[PDB]
Amino acid sequence: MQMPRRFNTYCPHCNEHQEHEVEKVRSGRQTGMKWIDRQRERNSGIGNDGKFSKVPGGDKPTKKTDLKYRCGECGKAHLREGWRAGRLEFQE
Amino acid sequence: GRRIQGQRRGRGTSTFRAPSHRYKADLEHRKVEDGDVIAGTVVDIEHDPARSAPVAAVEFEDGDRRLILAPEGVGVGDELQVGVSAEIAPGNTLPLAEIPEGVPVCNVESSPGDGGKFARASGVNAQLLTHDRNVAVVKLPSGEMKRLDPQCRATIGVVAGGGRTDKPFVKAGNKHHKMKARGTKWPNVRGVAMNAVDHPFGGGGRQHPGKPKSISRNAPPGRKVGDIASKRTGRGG
Amino acid sequence: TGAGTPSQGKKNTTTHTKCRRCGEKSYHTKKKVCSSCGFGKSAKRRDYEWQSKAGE
Amino acid sequence: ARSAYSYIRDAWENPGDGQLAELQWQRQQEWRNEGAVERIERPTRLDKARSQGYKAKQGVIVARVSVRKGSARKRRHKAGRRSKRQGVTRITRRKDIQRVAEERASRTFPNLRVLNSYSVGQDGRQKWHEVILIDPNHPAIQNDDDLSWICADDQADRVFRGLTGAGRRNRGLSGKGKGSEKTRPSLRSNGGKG
RNA sequence: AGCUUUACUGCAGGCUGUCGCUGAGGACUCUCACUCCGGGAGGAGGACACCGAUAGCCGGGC
RNA sequence: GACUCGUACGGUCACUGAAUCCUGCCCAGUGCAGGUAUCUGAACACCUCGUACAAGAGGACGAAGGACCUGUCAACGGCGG
RNA sequence: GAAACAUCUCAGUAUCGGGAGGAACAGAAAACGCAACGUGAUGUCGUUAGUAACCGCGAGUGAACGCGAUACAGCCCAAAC
Ligand SMILES: [Cl-]
Ligand SMILES: [Cl-]
Ligand SMILES: [Cl-]
Ligand SMILES: [Cl-]
Ligand SMILES: [K+]
Ligand SMILES: [Mg+2]
Ligand SMILES: [Mg+2]
Ligand SMILES: [Mg+2]
Ligand SMILES: [Mg+2]
Ligand SMILES: [Mg+2]
Ligand SMILES: [Mg+2]
Ligand SMILES: [Mg+2]
Ligand SMILES: [Mg+2]
Ligand SMILES: [Mg+2]
Ligand SMILES: [Mg+2]
Ligand SMILES: [Mg+2]
Ligand SMILES: [Mg+2]
Ligand SMILES: [Mg+2]
Ligand SMILES: [Mg+2]
Ligand SMILES: [Mg+2]
Ligand SMILES: [Mg+2]
Ligand SMILES: [Mg+2]
Ligand SMILES: [Mg+2]
Ligand SMILES: [Mg+2]
Ligand SMILES: [Mg+2]
Ligand code: NA
Ligand code: NA
Ligand code: NA
Ligand code: NA
Ligand code: NA
Ligand code: NA
Ligand code: NA
Ligand code: NA
Ligand code: NA
Ligand code: NA
């Protein structure tokens, strides 16, 4: 489906309808310093490493909508439940 | 599975050892103090169990009795010489340098004074080709060109007993008798005729290797069998 | 040739004998070692914890 | 003023610099050709020896002991083991090479007892430590106040029971507080968890 | 349970880079450690190899 | 430490199985081996970011291995519609 | 055991090597950290507590300081001179 790059809607921050802008969420980069990271290095030794010896799973036929909603005025974003969509194209 | 036969060897059990105690003498050149003086006469010609070839029993001036790797044409009474300036006849032993080129040589040394390592089996002969102040190129029997220290002693002539390989063993019995005088387990059962547990080629409902016979050099012992690091195979091509 | 009865008949070789050290007939005269007290193998006497229940 | 000793000591702060460097490059050679346990008449590090309890007296012996460098010399499993327990290469022993040395030495001198030991260098494949031993039966020692204690029966075979200093240290008994819950008063009494 | 393999996961083993042993003047000379040969004088080899540590690849040999 | 008191006319590793007449075609896959502009390829050291240090992020360099290329079937095997 | 199983668990258990004593080991703070104007070597017993902490954050695993008791006990070198 196609979707407007900008449109009006409620801004949970301002508490009033403003023109928001939609962007597909870009994955942040990791620091490899979280607690989970430490445990990996800490609990991995000789032989099988339990959980840390597993590999990434598979994928669902279609992914959900992973968007960010930016408020034209205050400039703060907010998230929304997503919906399965083979592809998502923005309009303008 | 179980260790393959190739692994049972390494352990050095009776079945794999050579009947050392039944061997005669460790053939090695002499520690001629120097000068080349040393010389001696041939006494008897004995059979060397370890090599299926003859060995000349020798007695020297200092009265030291020792058996020596005997080249072809060497009889009782003959007078052998060993040193830096011995003659240039078959039998005498001297550093490569003092040896004229194009001359068939046997029982060659790798490290000067090591007693001899190269060319020393029924009929084989080495070949001194190039001379130098440093290098003494010797074409070994395998064909390779071994670059050697001119100080490495060697013997003139071809090893005795040449042509042994010409007559076939004909019957197992003969092979048997020969094998019994060597450090080897014989007869030989083919892997392909063994059970899986016993050899990487074992198993099947019919005899044939499981995977391809050519194996990597990195294969571990227990799995290195068949055609080891073969650069190619077959007669064809 | 059965491995049973018929092979019992060749057993006339002496191995274990009265032990000079512990008095048991466990001194292997061909090995010169007692399988009971360890005489001939060790100065300390042969003894293992598995010769009795763990908590005893 | 700085004791003469203080120099011997300060020199070993960096066994790889100056005179002590060349000295080592030289000794190790005569060393790599000596045995496993070599009694020597005088300590290579007088400051340390004296410090640890040495004393040019009778009944006091010294010996240099070499021990192979590296991890445990372990044999792979010949029976079923879960992955965790199939290791060989990275397994290390829980007794430091120094303690290994104190024992090899003490066994060479059955009548003596280990007083202390210190390191004296290491080439590419081995480590040398000098061990101070004591004749608990010599009257020269039975009468020396700063040492007669080591004559007590309860001091017998002290190195094999970890009473040596390097032993108590290797036993996690350094700290008296946090961290030593499973070490004091004994490893075995704490069900071997330290 | 035995057995197999391009099943899962690992562990030996082999090859390879790196660090320590290890020194003098990206290719190069050298000798003094270390190695081998020689009974020895001495020779060859030489900061490599060996060995200790680590990393990547191979790895039903287990 | 065995082989080895041995040294390629040796001995190790495999296949076939006396003699006789013979043993074709196939290197795409798998295996082994050789080469290799370029690509890919870890760690230490090195550079940048970062942090009064550190964790950590990135880069340059690049070994064996691989991609790619060649050789090889008395190598595993194949020899149809 | 985890209702499979690899980390985990069984367990630092079974078993093995070495060694002391009548008891061993520990022990006079580079401690604690109820954070204090506070405690004062060490074992042990009761409790703290199935708490904090660990863990395919699954199953399971699991202290310490302090407190009340028992018994108490403090010293010797190296070096400077
Ligand atoms: Cl999206
Ligand atoms: Cl033969
Ligand atoms: Cl002791
Ligand atoms: Cl308090
Ligand atoms: K288990
Ligand atoms: Mg791991
Ligand atoms: Mg035999
Ligand atoms: Mg020989
Ligand atoms: Mg033949
Ligand atoms: Mg056969
Ligand atoms: Mg069969
Ligand atoms: Mg198999
Ligand atoms: Mg057949
Ligand atoms: Mg076949
Ligand atoms: Mg039977
Ligand atoms: Mg005093
Ligand atoms: Mg206790
Ligand atoms: Mg089963
Ligand atoms: Mg040698
Ligand atoms: Mg298996
Ligand atoms: Mg047949
Ligand atoms: Mg279960
Ligand atoms: Mg579960
Ligand atoms: Mg536990
Ligand atoms: Mg505490
Ligand atoms: Na940990
Ligand atoms: Na087979
Ligand atoms: Na002792
Ligand atoms: Na611990
Ligand atoms: Na079975
Ligand atoms: Na092919
Ligand atoms: Na091919
Ligand atoms: Na179950
Ligand atoms: Na099961
Ligand atoms: Na776990």
# chains A, B, ... in the order shown; residues from 1 in each chain; ligands from 1
>>> interface_residues(of="chain B", to="chain E", cutoff="6 Å", atoms="only C-alpha atoms (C1' of nucleotides)", output="PyMOL selection string")
chain B and resi 111+218+220+222-223
>>> write_last_selection(atoms="C-alpha atoms", output="PDB file, in the first residue's frame")
ATOM      1  CA  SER B 111      75.613 -34.075   7.346  1.00  0.00           C
ATOM      2  CA  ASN B 218      45.483 -31.943   7.156  1.00  0.00           C
ATOM      3  CA  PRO B 220      44.010 -36.355  11.237  1.00  0.00           C
ATOM      4  CA  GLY B 222      42.774 -42.248  11.972  1.00  0.00           C
ATOM      5  CA  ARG B 223      41.328 -40.673   8.856  1.00  0.00           C
TER       6      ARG B 223
END
>>> residues_around(residues="stretch 17-30 of chain C", least_positions_apart="6", cutoff="7 Å", atoms="only C-alpha atoms (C1' of nucleotides)", output="number ranges by chain")
C: 36-37, 39
>>> write_last_selection(atoms="C-alpha atoms", output="mmCIF file, in the first residue's frame")
data_model
loop_
_atom_site.group_PDB
_atom_site.id
_atom_site.type_symbol
_atom_site.label_atom_id
_atom_site.label_comp_id
_atom_site.auth_asym_id
_atom_site.auth_seq_id
_atom_site.Cartn_x
_atom_site.Cartn_y
_atom_site.Cartn_z
ATOM 1 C CA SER C 36 45.779 -57.849 46.665
ATOM 2 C CA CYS C 37 48.316 -55.840 48.696
ATOM 3 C CA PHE C 39 53.483 -55.851 47.055
#
>>> residues_near_ligand(ligand="ligand 26", cutoff="9 Å", atoms="only C-alpha atoms (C1' of nucleotides) and all ligand atoms", output="VMD selection string")
chain A and resid 39 42 to 43
>>> write_last_selection(atoms="N, CA, C and O atoms", output="compact mmCIF listing (two decimals), in the first residue's frame")
# COMPACT_ATOMS: atom_id res chain seq x y z
N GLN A 39 27.33 -10.68 29.57
CA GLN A 39 27.05 -12.08 29.86
C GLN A 39 27.54 -13.00 28.75
O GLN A 39 28.02 -14.10 29.01
N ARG A 42 31.08 -13.19 29.23
CA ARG A 42 31.31 -13.80 30.54
C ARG A 42 30.92 -15.27 30.67
O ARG A 42 31.65 -16.05 31.28
N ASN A 43 29.79 -15.65 30.11
CA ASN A 43 29.34 -17.03 30.22
C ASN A 43 29.79 -17.97 29.11
O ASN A 43 29.45 -19.15 29.14
>>> residues_near_ligand(ligand="ligand 11", cutoff="12 Å", atoms="only C-alpha atoms (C1' of nucleotides) and all ligand atoms", output="ChimeraX atom specification")
/B:189-198,202-207
>>> select_by_dssp(residues="stretch 14-59 of chain A", states="helix (DSSP H, G or I)", output="list in words")
residues 35, 36, 37, 38, 39, 40, 41, 42, 43, 50, 51, 52 and 53 of chain A
>>> write_last_selection(atoms="N, CA and C atoms", output="CSV table (one decimal), in the first residue's frame")
chain,number,residue,atom,x,y,z
A,35,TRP,N,24.1,-5.2,29.3
A,35,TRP,CA,24.3,-6.3,30.2
A,35,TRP,C,24.3,-7.6,29.4
A,36,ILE,N,23.4,-7.7,28.4
A,36,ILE,CA,23.4,-9.0,27.7
A,36,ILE,C,24.7,-9.2,27.0
A,37,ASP,N,25.4,-8.1,26.6
A,37,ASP,CA,26.7,-8.3,25.9
A,37,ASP,C,27.7,-8.8,26.8
A,38,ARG,N,27.7,-8.3,28.1
A,38,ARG,CA,28.7,-8.8,29.1
A,38,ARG,C,28.6,-10.3,29.4
A,39,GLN,N,27.3,-10.7,29.6
A,39,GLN,CA,27.1,-12.1,29.9
A,39,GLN,C,27.5,-13.0,28.7
A,40,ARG,N,27.4,-12.6,27.5
A,40,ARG,CA,27.8,-13.4,26.4
A,40,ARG,C,29.3,-13.7,26.6
A,41,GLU,N,30.1,-12.6,26.7
A,41,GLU,CA,31.5,-12.8,26.9
A,41,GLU,C,31.8,-13.5,28.2
A,42,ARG,N,31.1,-13.2,29.2
A,42,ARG,CA,31.3,-13.8,30.5
A,42,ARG,C,30.9,-15.3,30.7
A,43,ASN,N,29.8,-15.7,30.1
A,43,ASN,CA,29.3,-17.0,30.2
A,43,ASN,C,29.8,-18.0,29.1
A,50,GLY,N,25.3,-22.8,25.7
A,50,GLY,CA,23.9,-22.6,26.0
A,50,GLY,C,23.2,-21.7,25.0
A,51,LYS,N,22.5,-20.7,25.6
A,51,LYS,CA,21.8,-19.8,24.8
A,51,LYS,C,22.6,-19.1,23.7
A,52,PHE,N,23.8,-18.7,24.1
A,52,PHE,CA,24.7,-18.0,23.2
A,52,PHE,C,25.3,-18.8,22.1
A,53,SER,N,24.8,-20.1,22.0
A,53,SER,CA,25.2,-20.9,20.9
A,53,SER,C,24.1,-21.1,19.8
>>> residues_near_ligand(ligand="ligand 28", cutoff="7 Å", atoms="only C-alpha atoms (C1' of nucleotides) and all ligand atoms", output="number ranges by chain")
D: 106-107, 109-113, 157
>>> decode(residues="chain A", atoms="C-alpha atoms", output="tab-separated table (two decimals), in the first residue's frame")
chain	number	residue	atom	x	y	z
A	1	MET	CA	0.00	0.00	0.00
A	2	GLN	CA	0.95	3.65	-0.44
A	3	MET	CA	0.99	6.27	2.27
A	4	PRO	CA	1.17	10.09	2.48
A	5	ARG	CA	4.57	11.38	3.63
A	6	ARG	CA	2.76	14.06	5.65
A	7	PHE	CA	-0.77	14.36	6.98
A	8	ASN	CA	-2.76	15.71	9.91
A	9	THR	CA	-3.44	13.73	13.05
A	10	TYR	CA	-3.32	13.80	16.82
A	11	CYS	CA	-0.02	14.58	18.55
A	12	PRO	CA	-0.07	12.86	21.98
A	13	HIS	CA	2.50	15.39	23.18
A	14	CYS	CA	0.90	18.69	22.18
A	15	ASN	CA	-2.55	17.22	22.87
A	16	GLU	CA	-3.83	18.78	19.65
A	17	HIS	CA	-3.98	17.90	15.94
A	18	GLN	CA	-0.88	18.89	13.96
A	19	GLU	CA	0.70	17.98	10.65
A	20	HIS	CA	2.91	14.98	11.28
A	21	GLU	CA	5.58	13.43	9.07
A	22	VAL	CA	6.10	9.69	8.72
A	23	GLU	CA	9.48	7.96	8.47
A	24	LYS	CA	10.38	4.28	8.47
A	25	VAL	CA	12.35	3.50	11.62
A	26	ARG	CA	16.07	3.10	10.99
A	27	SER	CA	17.74	0.58	13.30
A	28	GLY	CA	20.02	2.11	15.87
A	29	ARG	CA	23.53	0.71	16.15
A	30	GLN	CA	24.58	-1.31	19.19
A	31	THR	CA	27.31	-0.48	21.71
A	32	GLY	CA	28.07	-4.04	22.73
A	33	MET	CA	28.10	-2.71	26.28
A	34	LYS	CA	24.64	-3.69	27.48
A	35	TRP	CA	24.30	-6.32	30.19
A	36	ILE	CA	23.37	-8.95	27.68
A	37	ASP	CA	26.66	-8.25	25.91
A	38	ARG	CA	28.71	-8.77	29.07
A	39	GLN	CA	27.05	-12.08	29.86
A	40	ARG	CA	27.84	-13.36	26.39
A	41	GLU	CA	31.54	-12.82	26.88
A	42	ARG	CA	31.31	-13.80	30.54
A	43	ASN	CA	29.34	-17.03	30.22
A	44	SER	CA	30.98	-18.36	27.06
A	45	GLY	CA	33.73	-20.94	27.55
A	46	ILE	CA	34.66	-24.55	26.75
A	47	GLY	CA	32.02	-26.55	24.86
A	48	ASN	CA	28.45	-25.53	23.98
A	49	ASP	CA	27.58	-22.04	25.30
A	50	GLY	CA	23.93	-22.64	26.01
A	51	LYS	CA	21.75	-19.80	24.79
A	52	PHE	CA	24.70	-18.01	23.21
A	53	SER	CA	25.24	-20.95	20.89
A	54	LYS	CA	21.93	-20.42	19.10
A	55	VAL	CA	21.42	-18.75	15.73
A	56	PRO	CA	18.93	-16.11	14.47
A	57	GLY	CA	15.49	-17.50	13.61
A	58	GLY	CA	13.58	-17.12	10.37
A	59	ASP	CA	11.02	-14.65	9.03
A	60	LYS	CA	7.29	-14.19	8.63
A	61	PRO	CA	5.93	-13.97	5.06
A	62	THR	CA	5.08	-10.30	5.63
A	63	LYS	CA	6.43	-7.76	8.12
A	64	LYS	CA	4.44	-5.17	10.05
A	65	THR	CA	4.52	-1.41	9.69
A	66	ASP	CA	7.50	0.04	11.58
A	67	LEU	CA	6.88	3.81	11.46
A	68	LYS	CA	7.79	6.94	13.43
A	69	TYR	CA	5.34	9.83	13.62
A	70	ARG	CA	6.98	13.27	13.77
A	71	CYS	CA	4.90	16.27	14.84
A	72	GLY	CA	5.32	19.20	12.49
A	73	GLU	CA	5.32	21.69	15.34
A	74	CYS	CA	6.92	20.50	18.58
A	75	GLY	CA	9.02	18.11	16.48
A	76	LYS	CA	8.61	15.20	18.89
A	77	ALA	CA	7.73	11.73	17.57
A	78	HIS	CA	5.36	9.01	18.73
A	79	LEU	CA	4.73	5.36	17.80
A	80	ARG	CA	1.67	3.42	16.68
A	81	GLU	CA	0.56	-0.19	16.47
A	82	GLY	CA	1.62	-1.44	13.03
A	83	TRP	CA	-0.11	-3.54	10.42
A	84	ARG	CA	1.15	-6.29	8.12
A	85	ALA	CA	2.11	-4.92	4.70
A	86	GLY	CA	4.08	-6.54	1.89
A	87	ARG	CA	5.40	-3.13	0.86
A	88	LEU	CA	4.90	0.47	1.94
A	89	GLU	CA	5.47	3.41	-0.41
A	90	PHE	CA	5.32	7.03	0.62
A	91	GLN	CA	3.57	9.62	-1.47
A	92	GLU	CA	5.63	12.80	-1.83
